[PDB]
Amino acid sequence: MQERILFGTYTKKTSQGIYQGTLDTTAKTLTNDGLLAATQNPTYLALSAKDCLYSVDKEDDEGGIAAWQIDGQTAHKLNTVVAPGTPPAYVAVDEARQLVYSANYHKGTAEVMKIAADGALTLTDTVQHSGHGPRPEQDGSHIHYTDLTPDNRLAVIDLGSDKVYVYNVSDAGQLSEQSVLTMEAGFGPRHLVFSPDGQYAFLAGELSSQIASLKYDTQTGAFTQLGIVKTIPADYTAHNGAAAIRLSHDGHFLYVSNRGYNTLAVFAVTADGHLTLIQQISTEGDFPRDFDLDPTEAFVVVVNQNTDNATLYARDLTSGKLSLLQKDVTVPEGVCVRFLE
């Protein structure tokens, strides 16, 4: 069958915006069919059930989120919500509340926007954080993730201050703190993903190349750190920044991308959130900032930021391991993989 994929990118060299491709499950191929939307620095993407696309957006010295309505193999711009400063780094959709969340790295903010009847957005709240860390990259607050918890609270990750916040969300679109988990100094938390039963969360530590297993309690809206594992060899001393983290639908396998060592590390999830490294596979390019399993979960697509190429893997449904199928599919400055679902 044919599965549509959207690619987010940086537009500092040759990219013209958001691209789209197709994953052919039978032929075992991956293509970049072309540009879907001409826009600047759409480094992260989010989709709604009404097929509206929300992307990181840069409009000169202003940055924010752009809203588009997808119609077939085309995209129609609805509107944008921008403000003086840098563009955000993450964006997500809250279907039930009809809100869009975004995280801004440089500003250290978490923002909330409400979705109008036609998909257009309106800013409702901007939460400012503060703090810092021991590492050079932690000069100030750097929010890198804003997404829903199993009980619909909002998990907000601050890479700059080594903290994972949990916020309650109002219907009107405002956040109010519930809890804050502080990680060991220098951990540099970036993204996380919850288990299918909502009892556990796996947090990627970008700066320390580690993954923390966490127990989540819906009653307290808080976390408890369970254990930590490395995402690269113990002797690899060169630069490495973990990036994206994904979990299979059955919750049995965890995946994380490594920028520097340039691989996808596969972990088997066992009792009480424990992780076991079972595979390290090259992404066939430099700096794999994002990747994801396809809807059937029989494949994985990763994009490499610095080499402008995407790679397709076959994924064993029972073992969770990956094997190369195709490499060097051109996607300029690719940094986000968004399958239609």
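Note that residue numbering begins at 1 and tracks the sequence as displayed.
In this entry, the higher average B-factor at the C-alpha atoms falls on 220 to 228, of the pair 220 to 228 and 158 to 166. As listed in the deposited structure, the average C-alpha B-factor of 54 to 62 and of 38 to 46 is greater for 54 to 62. Residue-level inspection of the entry shows that, of 103, 99, 127, 83, 83 has the top Cα B-factor. Going by the entry's values, 73 shows the largest Cα B-factor out of 174, 149, 179, 73. The entry lists a Cα temperature factor for residue 277 that places it in the middle third of the chain's modelled residues. For residue 311, the recorded CA temperature factor ranks within the lowest third of the chain's modelled residues. Ranked against the other modelled residues of its chain, the C-alpha B-factor of residue 304 as given in the entry falls in the lowest third. In this PDB entry, the Cα temperature factor of residue 20 sits in the bottom third of its chain's modelled residues, the lowest group.
For residue 326, the recorded CA temperature factor ranks within the middle third of the chain's modelled residues.
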